[PDB]
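Chains as they are written, first to last, in our numbering: chain D, 528 to 897; chain A, 148 to 425; chain H, 553 to 821. Ideal Cβ positions, reconstructed from N, Cα and C, are used throughout, including at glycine. Right, one structure below, let's go through it.
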Ligand SMILES: Nc1ncnc2c1ncn2[C@@H]1O[C@H](COP(=O)(O)OP(=O)(O)O)[C@@H](O)[C@H]1O
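So this is what it looks like as structure tokens:
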């Protein structure tokens, strides 16, 4: 349809959305469901009460915020639809589904059921005439312009190493783990549970995630930096409540490298990435060594990629030239590529029309996805 | 002193059990071992023939380009291999893939054209599903039954990539309108070897029973049955990767302990950490 | 000699590993002059003798085997029980008993049963110790296995800074005899083998047993996972390569769109 195509940056922790041509997603607000916490009494108390955005961040202590995209998979389907209606609202889209073309993005190793249910929304509730569910890693490759690259997302409940080849990854050499900063920050709070901080609300935990994004990093030396005694730098709450930090800031992200801290049946996302690369040809592995792409948001720690480099040096063989690209809109890299592909008018064949859904449902998407 | 006849039997056995593609290389290794080419070739000639027969060697005569799999229903006994797909019998060097002089075969026809239609649909499918190695439907009107012997095979040999995969799918069928039975196997021989040998072998003994109405009518139907068993079993194996990956693995060797946290032998040896009450 | 040795080792890599003992027997019957060379290269699979005086079914290796007399890691009873032979230090004898008990617990931590025996034989600047763990298959199911953990640590203690160089030999075998209908008569044997160095501190809190046990935990999980991901996803790709499920001419148009993607990449870059 002759309208600007909608780009949906399906961020796990921070979801985003926008259009073609643009470089930053037009409308940004994370992935969450903020349900209320009290009962209206005074005339002036708003209604609907499952608010998102300004009211959410504004009244954090008044909204029982929950998260649908658990393990990178939405559980509050209907609520996410309404969050899209929130996007469809005067705030973000001010339009209809039937008007603009839409582009959905995806992570690797996704169950078909989610894609099918999404298509049900897209063509039954929402009625987009030009839409297809794409990937996310190849979109970050569009952003980088690279061809034979390994894309590593960094969200809240998803972590995947995608060894791509010219924008067409081996759909087998890709690895995917559905865990990141959500439980890592929860585990950091668990460190503070030992030292008395079990401030259980998710909005109360959103502040902890603000510390995660703010006062956290990755110390390259594991025990040499962990076993020693820190200085315990202080943090101040929205009111300014003094809370020390300590070693936790780098202790908790070790879970991503040592899943034994939570007992996850993973083996360190770094080794999983090494294995994702190792599921290809040696020369293809060299091409992937030359092109290492990072995505998501958790790629913003001190010594993050540095400790990763050290791990690869201690695990991968010799001559592995770890050429890691470190851009800034790693979250938006997928959005950037979505805007790039959205600018590509070849999408006519790549999309799924409304009648295409009427005749195939999501089977057309499964026949066209890669 | 050990009798060389034991080595003949052991050699023929191991050469029939040789990895796919590395068969001649296995023969070379055994030749480097015994180095008695006479006694070697005694059991090895049958190992060559039998390996081509069970392994379904897709010999392709250049003048016909059939890619006929070698089985027991093709040879004339004197290395001349009949072709159910094009009614020709060609001599074949069992020691190699070398074939020669395809002599035409005046055969049945009451089943040959029928399997040609079946093999046409199967070839159209299989070529869209296989890359190195394809199908060959043998035919025989034995015991008053137009016995369809649908032999299918696939492989790819990448020793550079250190693996020699091999697939075989022999299907047993009898054109007896209407009561017919779609019997079949789905033989696999995966041979990866670098840093840990992966000699994966499996199959799928299946027996269906389709109704024979006509040649082209039930041809694609029989091929569809084979097709679905292939798709289903490959799907089952794909799921088996995950189910074994966690179930079989942790069942034999756990991934994490029962507590899944960490094993500190210091505290374990300290105080005899739990043999007191537990 | 060397030609038969090399062809024998690569042949064992080529031969069906379900008959490794019998294949090696056939190999000795073929060339008995290279018997011990092949025995040294490909060691014996895990055999189990019983320490009757201690009540310990113990694994059989080369080091406990005093000549041809398998030492028990609990009572030092050879098999046949000789008087002198495979003897570690007295402190190492007790430390070996401790390690054997703790590693039987380790075997219970990952196998919940089986037979495991670690053999030690002292030396000055550290020593060498063979670590063995054996477990049967899923007798309750159709899948069968023969767990053969063959490990040898290169204990190299450094008096300076109480660290100790280690290089645990890795070698693990097991069967994947899944005879399920969805799997067919599926069997697989991962005849695995690795090794990697490390210098670990030996202390009252981190002794040799604890050090090596941690490394065992690490190495086993790493190799196991490496197999499960690399090797099994690789075999999955092999499965898809030999037989594709998707019919072609469907993927052709998708590849045409892929070509258009590369075209667009050139349109902008
Ligand atoms: N500056 C930062 N430092 C560390 N982590 C961050 C930072 N910014 C965002 N993150 C993490 O990235 C997550 C954003 O999720 P997102 O990356 O959008 O999911 P996806 O990987 O699906 O795009 C947040 O939950 C947060 O934990």
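Asked	Found
DSSP three-state assignment for residue 839 of chain D, whether helix, strand or coil	helix
Partners in chain H for residue 897 of chain D, counting only beta-carbon separations shorter than 7 Å	806
Paired residues, beta bridge with residue 282 of chain A - DSSP	A:299
Near ligand 1: residue 823 of chain D beta-carbon under 7 Å from a heavy atom	yes
Secondary structure of residue 564 of chain H, DSSP reduced to three states	helix
Alpha helix (DSSP H) runs contained entirely in the region 642–679 of chain H, provided each spans 4 or more residues	642–662
Residues that DSSP places opposite residue 751 of chain H in a beta bridge	H:717
Closest residue to residue 766 of chain D among D:598, D:734 and D:810 (Cα-Cα distance)	D:734
Beta-bridge pairing of residue 555 of chain D - partner residues as DSSP gives them	D:543
Integer-rounded CB distance, given that residue 838 of chain D should sit under 8 Å from residue 797 of chain D	5 Å
Assigned exposure category for residue 586 of chain H - 16 Cβ within 10 Å defines buried	buried
Members of the region 388–410 of chain A that neighbour chain D once the beta carbon cut-off is set at 7 Å	402, 403, 407, 408 and 409
Chain H residues whose Cβ lies nearer than 8 Å to that of residue 898 of chain D	In the structure displayed, chain D extends from 528 to 897; residue 898 of chain D sits before or after that span and is not available.
Backbone CA spacing between residue 539 of chain D and residue 813 of chain H [nearest angstrom]	26 Å
Whole-number beta carbon distance between residue 603 of chain H and residue 629 of chain H, since they are thought to touch under 8 Å	6 Å
Status (buried if at least 16 other CB within 10 Å, exposed otherwise) for residue 307 of chain A	exposed
First and last residue of the uninterrupted beta strand (DSSP E) at residue 762 of chain D	761–763
DSSP-derived helix/strand/coil call for residue 222 of chain A	strand
Residue 700 of chain H - partner residues in DSSP beta bridges	H:686 and H:725
The region 164–184 of chain A touching the region 719–734 of chain D, judged by at least three CB pairs closer than 8 Å	no
C-beta atoms of residue 802 of chain D and residue 787 of chain H nearer than 8 Å	no
Ligand 1 heavy atom lying under 7 Å from the CB of residue 534 of chain D	no
Residues, ordered as in the chain, of the region 299–317 of chain A that lie near chain H by beta-carbon distance below 8 Å	301, 302, 303, 310, 312, 313 and 314
Straight-line Cα distance separating residue 698 of chain H from residue 411 of chain A	27 Å
Whole-angstrom distance between residue 746 of chain D and residue 577 of chain D, CA atom to CA atom	39 Å
Residue 794 of chain H to residue 721 of chain H span [Cα, whole Å]	35 Å
Length of the line joining the Cα atoms of residue 790 of chain H and residue 802 of chain H	21 Å
Proximity to residue 771 of chain D [Cα-Cα], best of D:750, D:788, D:781 and D:742	D:742
Residue 325 of chain A, buried or exposed, once every other Cβ within 10 Å from all chains shown has been counted against 16	exposed
Neighbourhood of residue 656 of chain H by C-beta, 6 Å cutoff - its chain only, sequence neighbours within 5 removed	668
Residue range of the unbroken beta strand (DSSP E) whose run includes residue 690 of chain D	686–690
Residues of the region 778–803 of chain D whose Cβ lies closer than 7 Å to any Cβ of chain A, in chain order	787, 790 and 792
Contact belief for residue 550 of chain D with residue 863 of chain D at Cβ below 8 Å, rounded distance in angstroms	6 Å
CB contact check: residue 835 of chain D to chain H, cutoff 8 Å	no
Cβ of residue 816 of chain H within 8 Å of any chain D Cβ	yes
Whole alpha helix (DSSP H) elements within the region 333–400 of chain A, 4-residue minimum	362–390 and 396–399
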